[PDB]
Structures are given as structure tokens and as C-alpha cells.
Amino acid sequence: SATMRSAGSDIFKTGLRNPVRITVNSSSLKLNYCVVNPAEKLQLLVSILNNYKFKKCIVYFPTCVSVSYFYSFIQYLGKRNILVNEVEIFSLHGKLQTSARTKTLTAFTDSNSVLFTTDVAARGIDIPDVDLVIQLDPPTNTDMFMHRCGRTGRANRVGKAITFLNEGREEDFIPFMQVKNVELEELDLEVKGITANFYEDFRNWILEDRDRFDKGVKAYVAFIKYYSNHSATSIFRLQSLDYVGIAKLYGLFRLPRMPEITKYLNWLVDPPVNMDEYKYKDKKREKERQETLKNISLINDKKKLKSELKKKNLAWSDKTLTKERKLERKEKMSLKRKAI
Amino acid sequence: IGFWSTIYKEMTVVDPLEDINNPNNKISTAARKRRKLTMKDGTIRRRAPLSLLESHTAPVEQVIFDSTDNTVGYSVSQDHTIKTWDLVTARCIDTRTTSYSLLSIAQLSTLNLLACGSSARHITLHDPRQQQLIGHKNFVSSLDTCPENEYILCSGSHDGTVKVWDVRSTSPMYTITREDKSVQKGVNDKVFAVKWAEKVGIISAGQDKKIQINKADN
Amino acid sequence: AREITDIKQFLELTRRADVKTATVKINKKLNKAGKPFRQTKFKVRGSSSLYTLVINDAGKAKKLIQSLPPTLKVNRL
RNA sequence: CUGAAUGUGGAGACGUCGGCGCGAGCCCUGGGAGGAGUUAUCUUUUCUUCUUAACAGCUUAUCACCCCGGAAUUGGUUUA
RNA sequence: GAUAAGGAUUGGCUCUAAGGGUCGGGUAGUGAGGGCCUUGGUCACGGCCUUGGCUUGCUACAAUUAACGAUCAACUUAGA
């Protein structure tokens, strides 16, 4: 392993008998970072793809649903000729069927190509002629960071790695890498092409198909869970997370009901849009949605009965109802005795 | 038994698609593909029987037309019976019970007899309104009648020998055997078909691939 | 006492030379389905034991009653 | 599913205490089907019956033992 | 009971065996089969032998993110 030192005492779990540890050591590549508002992050990605000089760019995303969702949206942008270049864009996450993954990888390996991939491609595999590596977010574990930007620099080739930061606790990631003997030189990139429309364009593209809305909200919630499972808790704080900024990044117009959203922090679009007139645009699921809508009260009552049965099955529920009775009687007595 | 027409324009047509296409209630994809794989050899015309004569209780081995009436349909089956049929009304008229299963039937209308060769290695003579020929050593599979002589009929059996019989007698008058060097008497030697051709003689065929011709002319 | 399940064994026991009498006992009882039924116990004693055949079918019990020897004294209940 | 002389083995046959597991009888108790008492007032109330022997057939076991396999990143495990 | 919660707008991380079965992809040219036609001779509207114009096969360009869709068959609230 290229980071065999990190698995320190866990090597003896493998059952070594007569072992000999071997360490081999030798500016090949550039390590940059950009500190920008999250809602602009995707736009910045675009401003890199259509301006920088590369043969192959690998763009890393946190989750698989994010890979598919942003791949579709960037394809839609390229349909409108937002970015004009001889760029072919592929997506490759690890939840696909194996044959599709093999075909996508062999098509990308075979002319200027951009890859939207999760951490499946980060480690081990070697695609020649890869010039640019972008980490749209820093990885969940920092040990893999060196792998994600390590796809370049073979034979001291001129390759660049870029990372994006959330402006809130960005002061902790750079020294953390420095202690681990990694120097990240700050890079300033202008956010080209955004005045007022980009989030509006994302929002009005979401309004066309409810599947796009579902994919966007699912990706946002998946990213929130992914951020919850983060090492170096001090550096990556859930409280300091820009929930509104991230939601603006994904084009959503409503914060999903999460414990994080309720505690640490709704309608992003000031004139709200009702879900009743939102059409799924798919014939098979449209009738299912309308049937569920017509059965709103029945499912609501099923959940109400479930809630009551959960109430009666909690710890010493009869005593809790008794205590609520006493508190309610005393409070409703004081509610008039104080006034009189 | 199926009652069919030579002229196919006179029968109701059957549509293999119609079973799975018109109702299309709960036919699965596998069933649909299985049905479709039966029509790969083009779209050939398909017809339904004029009638189904169904009275036997075991598989039917042979059915013949009446040599004179063309409406009477004597048949033999494995349920030990000879049944005569009224083709106009498509029903069984008369039934005769035999002691063993019947494998071949032939008619001698010029002297009014029915020769039914059975699995009991003998041919029974019946009067369709007595004597049995014996000598075969296996299942009697096929029968035929001499066209020029009125009392002579040939029989082929699974023992590899054809035999010509006079109705008035009870023993074979000639026993034809398969003329081949590579044939074995009991390994591959059977007679599945025998024919009395009025212009060439006796035609025999069976387990051996050879089609044998014998003179059988006085 | 002993319980037997074979009807012909019961008939063979009742056909021996030194046999005094046979008892036919009727019981009205419920099955697992809750529907009541009539159960017949045919008891006859051999040399040193009393063999009992239990029949929960009315028709089989009637046939066994009809199949008993005509010279055998039968105790009803 | 034979087994003499001869030589052995088992049951009979064996100190006391502690906790844990299992069974049966008694006690407690719900429904219902009967019977008895009290009832100025209240009391779905108080008492009592609702049982299954030796023997026989089928089935049912912790412990112990056998076969495969070869264990430290030491595992299994009792209230102990 | 796994999977971050359990009145609410539930959708919830990366990699890593399986996640009920089955079926299904274009546009063009030419061979085949069916269907409506029609034309002659032949036997008392119906045969026989002949004449000219929905299924499938072979080649040529797009699609290979079918990462889609269709159908059959399964399934109900673990709380005291």
C-alpha cells in the first residue's frame, strides 16, 4: 500500500509470521485550493472546465446520487451551450452494474474528457494522460486525499490538483494537511459567468420533471449524512455548515426535514410552489402519485394510530399519561387563578 | 380421431396469435416468447378439424375409410376394440371387443372381412355387420391386401419378417425376410410399413434404412 | 389395557374360542374444529389384556358392527 | 441371532453442606357452567363442585461420547 | 429491533458477495412466407394445373448512459 504506515498496528490482524516492513521514498504536481461560497461551487467547476488547459480532468463528488444528478445537469447546460469546448463528459460511480462500469472506464481511458466519479476511481487505477484533478469537496477521510490528487504527477508530469472549501472552517484544513507534510498553495479563481440566473436556471430546470426534484433533494440529504460521518470533527463541523448555501448549490427550493436543519438552523424561493400541481412527467408514476394524493387522510390516520400505539408502548406510558393529567390540571387551574 | 378435408378452404382457420393477443389477460413474457418461437418457419396456413371422433379410451393405432361407402370409418385402438363410425354424424355406431390391443387394420370388402393385426402376434378376422392367422413372433404393425388376388393379404411385424396369408387358410404361405448383410435379426430389424403395389410388388420398410421390393406376382 | 388400531386384529380377537363378550361404547365429543362427533370404542379382552379399538368414523363403526360374529354377545355401553 | 471349565466387571452399595435448573402435590388467581348465604342502603358480592390410580403403547434429555476441522487479534462460558 | 431522527417536507455516506423471474432497441435495400387481386386451360357458386402487386431472413448507416421501459409473481403495524 502507498500509505501502509497509517494501518499501524492493524497489519498484525492479517497474520504475519516472518515479516519485514519496507519503506520506499523519493515538485511533480501542484496542490491548490479555492475558498468560495458553496452555492457558487458548481459554477466554479464550470469556469475551470471551459478555461483551463487539460487532456483529462477527473472531478470527484461525495456520493453516487450526486454524481448522476450533477452529470445530468451539466449535460443539460451543455445542451444550451453554456460551456463551449470539445469536452466529453462521463459519469462513473460504484453502484452501477459491473459491465457498465467497465465500459465507461474503457471509453474514458480511450478526445478531451471529463469524469464525474466517486472514490471508486481514486485509489489504484491509472488512467494515462490525466492532467487535472478536482476534488469538489475534501474527502471524508484525509488519508484518501493523497490518493485522490495522486492520479497525476507520474514521471513528474505537469498536473494540477484543486480543492474547494466552505469558507467557514477553512482555516483548519490547510494546517491539518501541513502537519501531515502537505502544502496547499492558495489559488484565486474568478467566478466567471454568474450575475443572476444560475440558481434560477437550476431551479427552473428542476421544475420541469419531479424526478429531477427528487434526485436533487436525495443528493442533498445524502451529502448531509456523508458530512455527518466525517473524521477530524473540529475541522468539519455540522453546526458551522452552510446549510442554506449547500441547498442553494443543489438548486433545491425547500430544506428537507432533518434533525440538523431543525436544530442548527422553510422556502428558499420566496413565492412558494405547491406540490399538488407538480407533475411527475412519467405516466406510470403519475397515477400512483394521484392515487396516494387521494389517499392522504387514510395514510395520515394510519400514521396517527401508529403514533398513538408508540405512545402507549413507551417506558411506563400509563404513568406518563397520569403525570400529564396532573400537570395539565395544575397549569389550567393556574391559568385562571392568576388572572382572577 | 380427426376428420379433415383435403380442401383447406372448407375449414375454420385457427390463429396462434389470437390466444395470447386478443385477451392478453395474464400471459407472461416467457410464455409469449415460447409461443412466438413456434412460428419461426414463416407464417404457414393453419386449419382446424372438420370433426373430432372421440370414443376410444386408449391411443388409436389406425383408421381407414370404407372401401365402398366412404362414410364408414372402421378404426382400431389400444383399448382392445374395433369401432365403426358414422362420419355424417361423427359418432361411434358399433364396437367389438378383442382380447389384446390392436395395432393394424385392413379391409377386404370384396369378401367382406376386417383383418386386425394385434399386439398378440396374430391377425383376427371380423365380420362387420371367427378365424385368426398366427405365425408372427412380435407386434404386427402393418397390413395390406393383394390387389390382383381376392384372398391374399400381407402383414409386417416387428420381428423383421413379412408374411403373405390366404384368408381361407391359417398358416403363412410365404415368409419374406430382409435381404441385407449388415442387418441383425433381433438388433435392428423391424417392419414398420408394408405396401401391396399393383405395379411393382411388395414394399417393406422399417428399422433397417433400406426400402425392400419383392416380386409377389404369381 | 392395550389399544389397537387394526380392525382385522380386533375381528381376529373376537373370533377366538375363549371369548366371553365385546363392549361397544359411544362417546359424544368435540374435534379440533369444534364440530361434535360420535366416537365408538370396541373393547374385547384376550388372554390377559383388554384390547380397545377407537373409531371416530360412524360408517366404519357401523361396518365393524355388521362384521361381528352372530354368536358373539355384544354389550351396548 | 448356541456357548463348558476357568478368570473378571456392573447393579445391590453407601459422608455432609451450598446455590442454580426441571417435574409433581399444596397455596394464589381469570373466564364459564351449577348449588348455598346476606341484601334497611351499597356490594358483576361471600362459601362450595368442576377429579383421573397402578399398569401399558408412541414420543421426549441436560450430561457424556463419536466424525469433520485445526485455533493469539486468544476464544467459549457459569449465579458460582 | 440494526442502519441519523421518529409529528413531520423522509429522501440519509464511500468501497465491498446476492437483492424474485422474464421480455424488449432504430432507418434503408433485397430475398421468403401470409392477405386482398387478377388472368388462361381444365373437371358439375366449388376443385385441379398455371400467369403479373401482417410475420420473418440477409446486407448498409445511426444508438450503445437498455444507467431505460414492459409484464408475471410475491408482501403487510413487534410490541408488551
# chains A, B, ... in the order shown; residues from 1 in each chain; ligands from 1
call {"tool": "residues_around", "arguments": {"residues": "region 161-164 of chain B", "least_positions_apart": "3", "cutoff": "9 Å", "atoms": "only C-alpha atoms (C1' of nucleotides)", "output": "list in words"}}
result
residues 135, 136, 152, 153, 154, 155, 156, 157, 158, 172, 173, 174, 175, 176, 177, 178, 189, 190, 191, 194 and 204 of chain B
call {"tool": "residues_around", "arguments": {"residues": "residue 236 (chain A)", "least_positions_apart": "3", "cutoff": "10 Å", "atoms": "only C-alpha atoms (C1' of nucleotides)", "output": "ChimeraX atom specification"}}
result
/A:138,140,166,168-170,172-173,227-233,239-241
call {"tool": "write_last_selection", "arguments": {"atoms": "N, CA, C and O atoms", "output": "mmCIF file, in the first residue's frame"}}
result
data_model
loop_
_atom_site.group_PDB
_atom_site.id
_atom_site.type_symbol
_atom_site.label_atom_id
_atom_site.label_comp_id
_atom_site.auth_asym_id
_atom_site.auth_seq_id
_atom_site.Cartn_x
_atom_site.Cartn_y
_atom_site.Cartn_z
ATOM 1 N N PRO A 138 -13.431 18.115 0.043
ATOM 2 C CA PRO A 138 -12.399 17.284 0.644
ATOM 3 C C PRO A 138 -12.985 15.952 1.079
ATOM 4 O O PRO A 138 -14.169 15.870 1.451
ATOM 5 N N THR A 140 -13.959 12.336 2.985
ATOM 6 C CA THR A 140 -14.407 12.032 4.340
ATOM 7 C C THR A 140 -13.233 11.686 5.248
ATOM 8 O O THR A 140 -13.208 12.083 6.419
ATOM 9 N N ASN A 166 -15.416 25.637 2.220
ATOM 10 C CA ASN A 166 -16.742 26.156 2.537
ATOM 11 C C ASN A 166 -16.714 27.498 3.259
ATOM 12 O O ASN A 166 -17.759 27.940 3.750
ATOM 13 N N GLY A 168 -16.148 28.604 6.028
ATOM 14 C CA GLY A 168 -16.473 28.714 7.437
ATOM 15 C C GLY A 168 -15.368 28.235 8.353
ATOM 16 O O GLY A 168 -14.914 28.971 9.232
ATOM 17 N N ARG A 169 -14.926 26.998 8.144
ATOM 18 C CA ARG A 169 -13.842 26.393 8.908
ATOM 19 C C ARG A 169 -12.677 26.037 7.995
ATOM 20 O O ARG A 169 -11.979 25.046 8.219
ATOM 21 N N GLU A 170 -12.474 26.838 6.947
ATOM 22 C CA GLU A 170 -11.384 26.604 6.008
ATOM 23 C C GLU A 170 -10.023 26.859 6.633
ATOM 24 O O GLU A 170 -9.008 26.429 6.079
ATOM 25 N N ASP A 172 -8.822 25.505 9.166
ATOM 26 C CA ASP A 172 -8.329 24.321 9.849
ATOM 27 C C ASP A 172 -7.847 23.230 8.906
ATOM 28 O O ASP A 172 -7.045 22.388 9.324
ATOM 29 N N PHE A 173 -8.308 23.219 7.654
ATOM 30 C CA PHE A 173 -7.930 22.136 6.752
ATOM 31 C C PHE A 173 -6.492 22.281 6.270
ATOM 32 O O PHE A 173 -5.768 21.285 6.162
ATOM 33 N N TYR A 227 -21.445 14.190 5.331
ATOM 34 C CA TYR A 227 -20.742 15.148 6.172
ATOM 35 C C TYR A 227 -20.855 14.781 7.643
ATOM 36 O O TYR A 227 -19.951 15.085 8.426
ATOM 37 N N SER A 228 -21.955 14.134 8.035
ATOM 38 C CA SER A 228 -22.086 13.680 9.417
ATOM 39 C C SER A 228 -21.009 12.660 9.773
ATOM 40 O O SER A 228 -20.457 12.692 10.877
ATOM 41 N N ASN A 229 -20.703 11.743 8.855
ATOM 42 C CA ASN A 229 -19.629 10.771 9.062
ATOM 43 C C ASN A 229 -18.329 11.357 8.521
ATOM 44 O O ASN A 229 -17.848 11.007 7.443
ATOM 45 N N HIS A 230 -17.751 12.267 9.297
ATOM 46 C CA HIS A 230 -16.509 12.932 8.931
ATOM 47 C C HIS A 230 -15.515 12.809 10.074
ATOM 48 O O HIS A 230 -15.846 13.111 11.224
ATOM 49 N N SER A 231 -14.302 12.363 9.755
ATOM 50 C CA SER A 231 -13.205 12.422 10.706
ATOM 51 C C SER A 231 -12.700 13.859 10.810
ATOM 52 O O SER A 231 -13.028 14.719 9.990
ATOM 53 N N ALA A 232 -11.888 14.117 11.836
ATOM 54 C CA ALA A 232 -11.453 15.471 12.174
ATOM 55 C C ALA A 232 -12.670 16.368 12.418
ATOM 56 O O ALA A 232 -12.967 17.301 11.672
ATOM 57 N N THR A 233 -13.386 16.019 13.492
ATOM 58 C CA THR A 233 -14.670 16.652 13.783
ATOM 59 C C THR A 233 -14.525 18.157 13.969
ATOM 60 O O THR A 233 -15.397 18.925 13.549
ATOM 61 N N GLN A 239 -22.506 22.194 12.854
ATOM 62 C CA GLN A 239 -23.128 23.458 13.240
ATOM 63 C C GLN A 239 -22.700 24.587 12.312
ATOM 64 O O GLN A 239 -23.528 25.385 11.860
ATOM 65 N N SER A 240 -21.410 24.658 12.002
ATOM 66 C CA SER A 240 -20.881 25.716 11.154
ATOM 67 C C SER A 240 -21.151 25.475 9.676
ATOM 68 O O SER A 240 -20.786 26.319 8.850
ATOM 69 N N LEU A 241 -21.765 24.350 9.328
ATOM 70 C CA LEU A 241 -22.069 24.056 7.936
ATOM 71 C C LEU A 241 -23.082 25.052 7.385
ATOM 72 O O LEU A 241 -24.059 25.403 8.051
#
call {"tool": "select_by_dssp", "arguments": {"residues": "chain B", "states": "alpha helix (DSSP H)", "output": "ChimeraX atom specification"}}
result
/B:16-21,29-36
call {"tool": "write_last_selection", "arguments": {"atoms": "N, CA and C atoms", "output": "CSV table (one decimal), in the first residue's frame"}}
result
chain,number,residue,atom,x,y,z
B,16,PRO,N,-52.8,-18.7,-34.2
B,16,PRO,CA,-52.0,-18.9,-33.0
B,16,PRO,C,-51.8,-17.6,-32.2
B,17,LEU,N,-51.8,-16.4,-32.9
B,17,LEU,CA,-51.6,-15.2,-32.1
B,17,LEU,C,-52.8,-14.9,-31.3
B,18,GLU,N,-54.0,-15.2,-31.7
B,18,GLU,CA,-55.3,-14.8,-31.0
B,18,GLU,C,-55.3,-15.3,-29.6
B,19,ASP,N,-54.7,-16.4,-29.3
B,19,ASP,CA,-54.8,-16.9,-27.9
B,19,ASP,C,-54.1,-16.0,-26.9
B,20,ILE,N,-53.0,-15.4,-27.3
B,20,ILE,CA,-52.2,-14.5,-26.4
B,20,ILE,C,-52.4,-13.0,-26.7
B,21,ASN,N,-53.0,-12.7,-27.8
B,21,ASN,CA,-53.1,-11.3,-28.2
B,21,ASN,C,-54.5,-10.7,-27.9
B,29,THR,N,-44.2,-12.8,-20.2
B,29,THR,CA,-43.2,-12.6,-21.3
B,29,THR,C,-42.6,-13.9,-21.7
B,30,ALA,N,-42.3,-14.8,-20.8
B,30,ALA,CA,-41.7,-16.1,-21.1
B,30,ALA,C,-42.7,-16.9,-22.0
B,31,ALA,N,-44.0,-16.9,-21.6
B,31,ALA,CA,-45.0,-17.7,-22.3
B,31,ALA,C,-45.1,-17.1,-23.7
B,32,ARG,N,-45.1,-15.7,-23.8
B,32,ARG,CA,-45.2,-15.1,-25.1
B,32,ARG,C,-44.1,-15.4,-26.0
B,33,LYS,N,-42.8,-15.4,-25.5
B,33,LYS,CA,-41.7,-15.8,-26.3
B,33,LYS,C,-41.7,-17.2,-26.7
B,34,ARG,N,-42.2,-18.1,-25.8
B,34,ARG,CA,-42.3,-19.5,-26.2
B,34,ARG,C,-43.3,-19.7,-27.3
B,35,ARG,N,-44.4,-19.0,-27.2
B,35,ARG,CA,-45.4,-19.1,-28.3
B,35,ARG,C,-44.9,-18.5,-29.6
B,36,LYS,N,-44.1,-17.4,-29.5
B,36,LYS,CA,-43.6,-16.8,-30.7
B,36,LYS,C,-42.5,-17.7,-31.4
call {"tool": "atom_distance", "arguments": {"atom1": "CA of residue 44 (chain A)", "atom2": "CA of residue 96 (chain A)"}}
result
27.6 Å
call {"tool": "residues_around", "arguments": {"residues": "residue 61 (chain C)", "least_positions_apart": "4", "cutoff": "9 Å", "atoms": "only C-alpha atoms (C1' of nucleotides)", "output": "PyMOL selection string"}}
result
chain C and resi 39-42+55-57+65-66
call {"tool": "interface_residues", "arguments": {"of": "chain E", "to": "chain B", "cutoff": "8 Å", "atoms": "only C-alpha atoms (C1' of nucleotides)", "output": "list in words"}}
result
residues 22, 23, 32, 33, 34, 55, 56, 71 and 72 of chain E
call {"tool": "closest_residue", "arguments": {"among": "A:15, A:245, A:259, A:159", "to": "chain D", "atoms": "only C-alpha atoms (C1' of nucleotides)"}}
result
A:15
